[PDB]
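S.K.: Chains as they are written, first to last, in the entry's author numbering: chain X, 754 to 759, 763 to 803; chain P, 749 to 798; chain D, 500 to 548; chain S, 503 to 538.
Just so you know, even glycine gets a beta-carbon here, dropped at the ideal spot from N, CA and C.
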Amino acid sequence: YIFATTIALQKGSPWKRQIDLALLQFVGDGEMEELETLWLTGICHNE
Amino acid sequence: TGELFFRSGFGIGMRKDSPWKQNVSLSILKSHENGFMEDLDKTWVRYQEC
Amino acid sequence: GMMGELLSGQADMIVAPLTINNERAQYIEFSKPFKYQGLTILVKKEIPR
Amino acid sequence: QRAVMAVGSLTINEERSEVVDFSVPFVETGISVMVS
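1) If contacts are defined as beta-carbon pairs under 8 Å, then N521/D and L765/X qualify, I think. What distance do you get, rounded to the angstrom?
2) Would you report the Cα separation of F754/P and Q509/D, rounded to the nearest angstrom?
3) Would the stretch 791 to 800 of chain X count as touching the stretch 504 to 515 of chain S if we require 3 or more Cβ pairs under 8 Å?
4) Which residue's Cα is closest to the Cα of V783/X: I519/D, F529/D, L541/D, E545/D?
5) Mind listing the chain S neighbours of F529/D? Cutoff is C-beta to C-beta under 8 Å, in chain order.
6) Buried or exposed: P770/X, going by 16 or more other Cβ atoms within 10 Å of its Cβ?
7) Flag this pair as yes or no: are the beta carbons of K772/X and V522/S separated by less than 8 Å?
8) Compare the C-beta of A764/X with all C-beta atoms of chain P and state if any pair is closer than 8 Å.
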């Protein structure tokens, strides 16, 4: 249960749209879960 | 059953030339920090059990 | 639907639970989102013996 | 402007948003409570 819920770019940079399209692809293609398997879980999710 | 899949967010849809980005986003973070998210989580989300 | 109704001028505000996507963000920009959610799986309670 | 980009596990907040722009949020966080 999460309470007080929910990348640094300088203003006016041309870099918002490109990085956003990139990261939404990386979300969209499951490599985020590969990252999860690499780094997240210890013992507790194997409760 | 199971874990989540394709973990994303639910948000507002706006046009690119619409100037209503920034102040709207300000209000949104205000809603996140002032418990109004938790207010809706109580008033509509967390009541019901079987 | 929604996306064409924004891009047609007939509709001007989406305030509704839409997911975030590449191709939707290619033309219509999101704000920072309300809820961080996703997909779950409906499986019934099977009847007891 | 010692650096253009900064990554961290940076929390996304009001006074942070007042000055600078942000990517679509990378991962999910908020306030939790750890106990025995």
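M.R.: On the basis of the supplied data:
1) Actually they do not touch by this definition, with Cβ atoms about 19 Å apart.
2) 31 Å
3) no
4) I519/D
5) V526
6) exposed
7) no
8) no
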